[PDB]
Protein chains: 2
Amino acid sequence: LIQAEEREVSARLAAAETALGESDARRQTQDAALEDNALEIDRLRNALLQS
Amino acid sequence: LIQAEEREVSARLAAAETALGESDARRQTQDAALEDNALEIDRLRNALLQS
């Protein structure tokens, strides 16, 4: 009966480990684009401003 | 001997909701700035072109 309660935990283990990495890694997939566009933005800043 | 591992993992999962959530809370802090870079491009485009 104590064993069964941990059967709930294994999913709580299974989900979180999935819920943890696959988003934090996902965030880096989002993270790079920020500076990617921002650096484009910075030249996009002075472009008119130099023109 | 069960109370050895069952306690820790239960506690180990006790972090999980704090583990996901603040990281989950981060994801909002992703999206807000996303448009700011995005929304400026057209103004950063047009101004180079309306000039």
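Around B:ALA16, with a cut-off of 9 angstrom between Cβ atoms, what is the net charge of the other residues, counting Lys and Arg +1 and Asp and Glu -1?
0
Equivalent ellipsoid semi-axes for the protein assembly as shown, as square roots of 5 times the alpha carbon gyration tensor eigenvalues: give them largest first, rounded to whole Å.
With the √(5λ) rule applied to the protein assembly as shown, the semi-axes are 49, 10, 9 Å.
Taking a ≥ b ≥ c as the square roots of the Cα gyration tensor eigenvalues, with a/c under 1.5 meaning rounded and otherwise prolate when a/b beats b/c, else oblate, which class fits chain B?
In terms of gyration-tensor shape, prolate.
Set the Förster distance to 25 Å, then compute FRET efficiency between B:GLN3 and A:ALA14 from the Cβ-Cβ distance, nearest 0.05.
That gives a FRET efficiency of 0.70.
Output, in nm with one decimal and in ascending order, the distances from the A:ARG27 label point to the matching label points of the other copies (7 Å from Cα along Cα-to-Cβ).
Label point to label point, same position, other copies: 1.1 nm.
Please compute the average number of Cβ atoms from other chains found within 10 Å of each residue's Cβ in peptide B:43-49.
4
If each label sits 7 angstrom from Cα along the C-beta direction, how far apart, in nm, is A:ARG45 from its counterparts in the other copies?
Once sorted, the set of distances for A:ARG45 reads 2.1 nm.
Give the order of B:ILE41, A:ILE2 when sorted by the count of other beta carbons within 10 angstrom, beginning with the fewest.
In order of increasing Cβ crowding within 10 Å: A:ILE2, B:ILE41.
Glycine also receives a Cβ, built like all others from the backbone with ideal geometry; neighbour counts cover every protein chain displayed. Throughout, read-outs are computed from the coordinates displayed, never taken from laboratory work.
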